[PDB]
Amino acid sequence: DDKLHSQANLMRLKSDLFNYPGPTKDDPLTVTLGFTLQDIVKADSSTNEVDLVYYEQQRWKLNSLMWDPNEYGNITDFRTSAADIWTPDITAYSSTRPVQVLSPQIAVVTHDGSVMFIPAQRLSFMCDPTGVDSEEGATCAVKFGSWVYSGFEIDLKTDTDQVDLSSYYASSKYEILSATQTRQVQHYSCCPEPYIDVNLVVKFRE
Amino acid sequence: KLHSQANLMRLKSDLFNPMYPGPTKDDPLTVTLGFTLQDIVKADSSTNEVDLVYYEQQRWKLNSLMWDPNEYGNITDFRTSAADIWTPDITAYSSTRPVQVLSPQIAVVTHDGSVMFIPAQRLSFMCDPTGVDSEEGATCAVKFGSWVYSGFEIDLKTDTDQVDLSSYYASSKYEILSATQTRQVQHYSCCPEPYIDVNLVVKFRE
Amino acid sequence: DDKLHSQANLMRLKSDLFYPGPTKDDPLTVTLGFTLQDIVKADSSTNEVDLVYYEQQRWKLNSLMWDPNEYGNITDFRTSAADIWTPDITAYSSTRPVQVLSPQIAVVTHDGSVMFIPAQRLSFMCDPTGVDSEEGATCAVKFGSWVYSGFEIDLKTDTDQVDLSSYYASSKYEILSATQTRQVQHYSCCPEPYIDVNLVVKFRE
Amino acid sequence: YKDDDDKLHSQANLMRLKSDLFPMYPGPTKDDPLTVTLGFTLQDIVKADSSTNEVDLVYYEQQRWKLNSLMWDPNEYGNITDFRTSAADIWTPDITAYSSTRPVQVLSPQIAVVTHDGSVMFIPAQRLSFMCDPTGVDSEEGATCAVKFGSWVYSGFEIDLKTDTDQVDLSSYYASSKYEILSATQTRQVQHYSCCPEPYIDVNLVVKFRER
Amino acid sequence: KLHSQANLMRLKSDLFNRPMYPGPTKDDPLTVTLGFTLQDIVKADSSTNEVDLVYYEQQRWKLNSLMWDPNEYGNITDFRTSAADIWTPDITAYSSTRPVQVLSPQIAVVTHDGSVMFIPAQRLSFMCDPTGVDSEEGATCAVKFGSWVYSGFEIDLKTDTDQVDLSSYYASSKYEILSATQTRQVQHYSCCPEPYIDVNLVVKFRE
Ligand SMILES: C[N@+]1(CCc2ccccc2)[C@@H]2CC[C@H]1C[C@H](n1cc(Cn3c4ccccc4c4ccccc43)nn1)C2
C-alpha cells in the first residue's frame, strides 16, 4: 500500500504536469551545454572526416515543469522519455553523417522546473587531420547551435570552456592535446537578430 | 508569460483547425529553392558516385497559414515540425542512395503565410569525376524537383543562379571552381504536363 | 473564396473516397515498366549488381472512380502510397532490401487509375563475368507479386523494350540491350498460373 | 452495373470474413500448444568472410501452422477458401537464428496466406549473416557450416518445431553463385537442460559448399 | 481450449489495467539481475580500437504490479508478451561506438510471482585496444553496463555469478576467450549523493 501510494503520487504529478510551445522572443530560454569527450574513433584523411564519441549535456529550466514536493508526496524529481517533453534542436553545423544516438532518450526533471538530458552520440564532421602524426598534432572545430531559434529565443551557455576529459578513452588511437567549448555570438548581414553557437575545438594526435 | 504561451497555443490551434490538401491546378504554388554547398566529401571513380553535403532552402506561401499579428498578441512567426504540415516533395532525380538528413526537420511559419524549411542533407548522386586531378577539374550535375506535381501545380523559382559557397568547407579534399542552380522546364513522354526542376551544376577539382 | 472553394472540392472528393485487395472474383491488372538509370556497381567478388531505376506501376480500381462533374471538375489528385492499397510487386532474386529514392506518392485519376513511380536502388544476383569484353555480361531478374497468382494480379507491360532514355551517359557501364518480358509460368502444383516480368540486361564496361 | 455489384459483393464477403476473424488468440501455451513446420529454400550464398568467419545467405524461410481460431466454413462467406493478409495482422511465430551476427534483412513483403481450415503459410525471403568458418571452401571437399533456428521464448511445450523433410530445397539456388552447394540439410533437434523440465527445439541448417 | 485462451486474455487485461507502474523510484526501488552469454568476438579493429561482440544479455527484475494468483486464472503460471508492452530497464553500454544491434525478437516472459525475464541477443561495437591479441597473454578489454538515468537508489544491479557464460562461445571464432567476468561496481560521483551501479564486462582474448 505504501508502494502503491508512492506510485500513485508520481502518476498524479506526471498527469498534472502534462495537462509549453517552445521558447519565443517574449518567453526566451537559456540552454546550458557541455561536452564529455570519450573517444576520437577515426580520423579519415581520404575524406577529411573525423568521428567523435561524446556525451552531450543539455540543461534548461521551465516554469511549466515546476511543482511543490509537499503537494506530491515529497517527490523531488522524475524520469520521462525525452519525447514526452520539449527538447532543444541543438545541432552540429558541419556534420557529414546523421548523428548516431548511443543511449536511451530519457530526461531527468527536477521540482524547480529544471531538465537534464544527456544523450551519448557518435558524430562524423568536417575535419582535416593533417599533422596528426606530428608532435603539434591536428586541430579541428565544429559549431553546435539551435537549427531554427535565434539568440532572441534560445541563449546558449557553458558552465566552463574546458571540455570534460575525465572519461576520455585511455587507449584511444588519438591523444587529446586540448578540448574547449566556447560560446560565440554571431551577427550576420542577412539578419538583425544575433545568433549563438558553442564552438568545440579539439587538438589531437596519434 | 503564460499569456504569451496562451496566445501562441491559440494561434496554432486556430491554424490547425477546409484543411489545405496540397496544391492543385486551381490553387497552384511556387516553391523557392536554393542550395548552400558545404562540402564534397567523397568522389568515387570506381562507381561514378559523388557525395555532397549542403543546405537545401525551401520556401513557399499559403493563404491558409496567414494571420493578423494584432489578433494574436503580435506573434509574427512560430516553429513546427515539418511532419505536422504539408511540405513539397522536392527530390533529386539521379541519386544513388536515399538522402541522409543531417538536421532537425522543423519549419518556420511567418504571419504572411510563408514557410521556410532548410534541411541539411548528404546526397550520393551519379557523377563521373574524371578530370578532378587536373586544372580544368570535373563537372557534375543533378536535377531537383517535385516528384508528382507538374508545373501547373508546383512551380519552382530560384532567387539567384549562383550557389552560395561562403559556407563551403575550406579544408575539403575538393575545391569548387563553380556552382550554379538553374530553373528548367521539361516535358516527358509519360505525362501530359511539364515538370519543373532546378539543375545543380558543380565544377570541382582536388 | 475561389481557392477555398477548390480546396473544399478536393477535400470533399478525398473524404468521399476514403478494398481488401484483389481476388479471383475481383482480379486486377498491374502494368509495369522500367526506366533504367544506372548500373552503379558490378561486384565480381560476390556476384551482386546494383541498379538504379524508375519502376512505373499502374492499376485501376472502380472504388477510386468519380465523376469530375460532381467534384468541381477535379480530374486527379495526389495521395500518399501508404493511404491506398498497392501491389506487392517484388524482385525475386534481390540480395539487399530495395532502397527507395523517391517520395512514396501516387497519382489517382477519375477513371480509378492509380499511378506510382518509385525510384529505387536494387542489389541482385548477377555474375558479371564477361563485362570486360566486347560481348559483355548478361543478367536477369524477375519481378512479380509475392503472394498473388495470375488469377488475382495479371502483369502487363506496354512494351518489351526497357526505357533507356534516362540512362546515365557517364556510367561505368554501357547498356547493350535491356528487355522486360511478361512471362506466364504454369506449374503442375496449382490450378492458377503465375506471372512475372523478366528484366534482362546485357552490359559492359 | 450488375458486374460492378458482383465485384462489391465479393469484396463485402471477404471484408466480412476478415472482420469476423479479427477471445483473441494470445499465442500458444502449454495448455494450447502449437506445431510450426519449417522448411528452407536456399537461394544464394552471397559472401563468405574469412577475416571475420561470417557467411551471408539469401533464402526463403517457409513457416506453416494451423489455428482453430482462423477456421471458417466457405459456405458462410461466399465460397471464399483462402485470403492474403499482412503478417502484422496475425500472430506469427518468433523463429530466430541462434548465431546470427547482424540483424536479419527482409527482402520480400510480409504477407501470409490463410486457408479456411485455419492453416497459415508465411514465406519471407531473408538475408542472414551468421557465424561460419569458410576454411576449406577453396578446396574440392568444401567448407561446412551450421546455424540453429528456433523460437526465442517458447519451449517445446508451447511450440513444437518440425520439418517435413531433411532436404533443403535447392531447386531455386542461383546457378551462377560464387559458391556451389554440396549439400544442405535441415534437422529437428531436441535439447534437454537439467535446469528445466521442458524440452527445447531447434531446426539445424547444415550447409556444405565451395567456390564454384 | 477457448477457455484457456480466455483465461490468458483475462489475466493480460487485468494486469495491464492495474495505478500504472511509472518506473522505479527511491520509495519503490528495483533490483535488476544481469548476466552475459558471450557468443563471439566477431571483429577487432586495430586502426580504430573498436571490437565487435555478439552475446545474449539476460535481464531479470520483479514487480508487485505483475503478480497474480494462478488459482484465480486457471493455473496459468507465466505468459509471453512483447517487451514494448511492459516497463523495461534502460540498461546501456557506457562506451559503445555504434548503436547496439538487436538480433532477437523483443519478447519477455512474465511469471506469476511478478518476475520478468528478457534476454536480447545483441551485437555491440565498443572501445577496446586489441594490442597483444597476436600474443599468448592476449589483449584485455572492458565495458560497463548500467542504467542511463537511474541511480542505485532506484535500480540496483546484481549478477548471479561473476563468470561470464562461455558455454555457447563459437568454437571457430577468429578469437579464443582466455577469461570473461562480469562484476558489479558501486560508483560515486561528486555531483550526487546517490551511488550509481554498473556491471563491468572484462574479456581477455587472443587470436
Ligand atoms: C523525372 N520525373 C520522371 C521522369 C521520367 C518518367 C518516366 C520515365 C522516364 C523518366 C519524376 C521526376 C520528374 C518527371 C516525371 C515525374 N512523373 C510523375 C509521374 C506520375 N504519373 C505516372 C506514373 C506511372 C504511370 C503513369 C503515370 C502518369 C501518367 C500521366 C501523368 C502522370 C503520371 N510519372 N512521372 C516523375
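The basis for the numbers below is simple: all heavy atoms, side chains too, and nothing from hydrogens, waters or symmetry mates. We name chains A, B, ... by the order of the sequence lines, and we start the count at 1 in each one. All ligand and atom numbering here is 1-based and tracks the order in the structure.
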Closest to atom 20 (C) of ligand 1 (judged by heavy-atom distance), picking from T109(C), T31(C), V107(C):
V107(C)
Report yes or no: does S86(D) contribute a side-chain atom to a donor-acceptor pair with the main-chain N or O of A88(D) at less than 3.5 Å?
yes
Do side-chain atoms of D39(B) reach the backbone of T96(A) as a donor and acceptor pair under 3.5 angstrom?
no
Excluding sequence neighbours, so at least two apart, what forms ring-ring contact (aromatic ring centres under 6.0 Å, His included) with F77(C)?
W66(C)
For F18(C), is the CZ atom crowded, meaning more than 12 foreign heavy atoms sit under 6.0 Å from it?
yes
Determine, considering heavy atoms only, which of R58(C), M115(C), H187(B), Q37(C) sits nearest to atom 26 (C) of ligand 1.
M115(C)
For ligand 1, note which part of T91(B) has a heavy atom under 4.0 Å away: side chain, backbone, both or neither.
neither
Minimum-distance protein heavy atom relative to atom 8 (C) of ligand 1:
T35(C) OG1, 3.3 Å
Atoms of ligand 1 less than 4.0 Å from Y188(B) heavy atoms?
4 (C), 14 (C)
Does atom 2 (N) of ligand 1 have any protein heavy atom closer than 4.0 Å?
no
Classify the side-chain pair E192(C)/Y194(C) by whether it contains a donor and acceptor separated by less than 3.5 Å.
yes
Proximal ligand 1 atoms for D163(C), defined as those under 4.0 Å from one of its heavy atoms:
8 (C), 9 (C)
Contact between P192(B) and ligand 1, counting heavy atoms under 4.0 Å?
yes
Does any part of the side chain of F116(C), heavy atoms only, come nearer than 4.5 Å to the side chain of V107(C), both counted from C-beta?
no
Enumerate the residue pairs fulfilling ring-ring contact (aromatic ring centres under 6.0 Å, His included) with a member in residues 27-46 of chain B, sequence neighbours excluded, ordered by first and then second residue.
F35(B)-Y54(B), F35(B)-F144(B)
Heavy-atom proximity to atom 10 (C) of ligand 1 ranks first, among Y54(C), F116(C), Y195(B), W59(C), for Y54(C)
Using a heavy-atom cut-off of under 4.0 Å, does the side chain or the backbone of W147(B) touch ligand 1, or both, or neither?
both
Give me the nearest non-hydrogen protein atom to atom 35 (N) of ligand 1 as residue plus atom name, then the distance to 0.1 Å.
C191(B) SG, 3.5 Å
Can you tell if the side chain of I85(B) reaches within under 4.5 Å of the side chain of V115(B), non-hydrogen atoms only?
yes
Could you tell me the residue and atom name of the protein heavy atom closest to atom 19 (C) of ligand 1, and the distance to it rounded to 0.1 Å?
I117(C) CG2, 3.8 Å
Tell me, please: is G145(B) in heavy-atom contact with ligand 1, that is, under 4.0 Å?
no
Is the shortest heavy-atom distance from the side chain of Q121(B) to the side chain of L102(B) under 4.5 Å?
no
